[PDB]
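This document opens with one chain alone, in C-alpha cells, the form deposited in one PDB entry.
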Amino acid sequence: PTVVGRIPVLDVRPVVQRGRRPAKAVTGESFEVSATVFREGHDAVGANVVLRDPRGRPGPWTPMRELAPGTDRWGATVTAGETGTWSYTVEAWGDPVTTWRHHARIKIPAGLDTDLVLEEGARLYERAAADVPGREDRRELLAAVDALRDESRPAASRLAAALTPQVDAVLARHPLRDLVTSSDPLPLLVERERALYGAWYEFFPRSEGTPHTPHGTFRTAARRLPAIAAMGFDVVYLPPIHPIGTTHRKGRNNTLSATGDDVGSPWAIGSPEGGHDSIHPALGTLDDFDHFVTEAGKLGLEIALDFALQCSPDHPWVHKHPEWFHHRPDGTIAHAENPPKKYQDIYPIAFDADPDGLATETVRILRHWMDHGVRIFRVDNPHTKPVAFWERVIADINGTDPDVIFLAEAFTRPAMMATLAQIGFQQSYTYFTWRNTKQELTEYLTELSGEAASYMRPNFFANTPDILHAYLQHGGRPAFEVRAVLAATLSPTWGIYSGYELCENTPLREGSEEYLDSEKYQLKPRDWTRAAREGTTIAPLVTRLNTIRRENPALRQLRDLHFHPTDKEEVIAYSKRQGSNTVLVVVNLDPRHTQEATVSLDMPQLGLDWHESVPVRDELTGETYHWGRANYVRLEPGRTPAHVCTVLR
C-alpha cells in the first residue's frame, strides 16, 4: 500500500496534535476545511469536503475551490450542526469535463479534428449522465450528447449545446468525478453555543449583604442577579463558595495576618466546616445555593463556579490525604506561590503519589456541583497542575456530561496556554488586558481569530480582581468605555469583574495591577442604587453592547475579523461578518484626547466594490451615516469612545 492515493490529497486542516485531539466548533459555527490537492500531468482536479455527524451521516455536497492561483491549496466552508463528535474528510478527483471543455473551446474554432473532439465530449457526457440520479437532469445531459454527435450540424453549434446554463447547472450539482481519492478522517468536537459565545460577570456573593448582616448570603446575593441580567450578561462567575481557612488567613490589602472579623481569601479553601464540596457557613446552606441557582435560571443566567485545586492548612485533606501534598524533610508543606506572588494562606496539591485518588475525588466534587445545576467551571491556575490531569478529568466529566464548560485561567507562556485548550478546555483566559495599543490589539486578535481558533476559544475579561491595568488607572471612565467596546466586539465571549462598571481604578500602589482594598480580602459593599441614580456607572453602555451582540450574529463568532487601515495611531478599525450581517467598529484608543481620522475601508473584504457607498447605523447612538472607501471620524472621550455600526439592508 502507498501513503499517497491516486489523486494526492494532503495536509488536511484544521488539525490538532496531528489528529490525536479534535479540532473544535460550536453549533452553527462556520469554518474552513482545507487541503493540498493536485494530480500528475496537466488535467484539472476537483475536490469536496465530506462532513459526517455523530451517527456517520454525511452533509450536503460541499465543493472546494483553489484558494490562490498556483498554490494547489483548496478550501470550503462547512457549518457544524448538533453537538457531539463529528468527522471530516476531503475527497479529491480528476475533473475530466472541465479539462475537455477547455480543450474543446480552443480546438473547435481552430478546425483541429473537430469530429474527434466532439465524440470525446459525447462519451464524457454519457459517463456523466449515467451517475446522475435525477430523471430530468439525465435527459438534459443525454440531449447534449445527441447534439454533440449530430454530424449534420456545424461544429460550433454541436459544442455550444454542451455548454448551456442548463447543462452547467446539472454538472455543478453532479460533477463527473474521476479516480476519487479520500483523506483519512479527522475528528471534530462540536460543543454548545455558550462555549464560544456569552457575556460573563464576576462578583462575590459575600459582598452583597445587608446593613444588619454585612456578610452576604446566597439569599441576599440572589437579589443582585436581576441587575446583572439587565446588563445583558449570560454567565455569573463566583469565586470559591466554600469554607475559608483560619490558619495563616490573609488580612485586608493582602496583609500577612488577619485580625478580628477579617474574612480572608475565598481561594484559601477548607476548614473543619468542610472542603470543596461544602458551602461557607456565612453564605448559607446547599438549599440556599439551590435557591440562588433557580433565581439565576429565571433570569437567563448560568452559574460558573471557581474550581481551585489547592487547600488551606485547615482543609480536611491535609491530614486525611497527606500524600496529596509535598512535604519538606521537617514534615512541613511549603505555601503556594506564583512568583513573585506569594500565597501564604494555601498549600498546593502534589499529584504523583496518588494521581488516581485525586482524579477520582476531583470528578466527584465536580459532579456534586453539576448535580446542583452548575454546568460551567472557571478553573483556577490550571497550569500549576499536570496537563494530563486536566485531560483526564475533562474527558471523564464530558464523557457523561458533554455540556459542561471548562474555562482555563492560565496566564502563562503560549505553549502551555495552547496545550490546555488542545487537551480539552472549552475556553481560555487570554493576554487581552495587556494588549492596549493598536498594534498590540491587531497582532493579538489576528493570532486568536486565525489558526488558534481551531482549538482555543477566548474569554476577554476586561478586568479581574487581580488585573487592574495601567490603561484603566490612567484613563478613568473613558478608558473603561474603550476596553468594554473592544472586549465586547472583538471576542464572542467577554466579561467584567464587579466594580468595572463603576470605573473603580485605584491601584494598590503605583506600578501595581492590584486593586487598593481588594475585594479578595474584605467585604466590598457597593451602593448600586446610588450609582445608578447618580449616573456614575457605565452599566448602560455595557447593556447596549450586550444588546448589540444579541442582535448581530457577526459579533457571536470569532474567526471572521478584518482590520481596516486608518491614518491615526490612536484609532483602530475593524469589521466582522456572519452571513448577511456586517458590523463595523471604529475605536479611539486615546482616553484623554479627541481623535479625528480617515478610515479607509477595504471594500472587497466587505463584499463591496471600491466606489460603493453603504448606509450604516452607529448602534451606540442611533445616528446613521453613509460610509465608503474613505470616511471621516471624530471621536471624543467621554462622549463617543467608538462607533459600533451595522451595515443596513
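All residue numbers are counted from 1 along the displayed sequence. Each form is matched to the other, and the largest set of C-alpha atoms that superpose within 1.5 Å is called the rigid core.
In what follows, reference is made to the form deposited in another entry, a form of this protein that is not presented.
K.L.:
Please name the single residue among 380, 504, 137, 295 whose Cα shifts by at least 2 Å between this form and the one not shown after core superposition.
P.N.:
Result of the superposition: 137 is the only one at 2 Å or more.
K.L.:
With the core lined up, does the C-alpha of residue 215 move 2 Å or more between this form and the one not shown?
P.N.:
No; that C-alpha moves by less than 2 Å between this form and the one not shown.
K.L.:
Does the C-alpha of residue 107 move 2 Å or more between this form and the one not shown once the rigid core is lined up?
P.N.:
Yes, the C-alpha position differs by at least 2 Å between this form and the one not shown.
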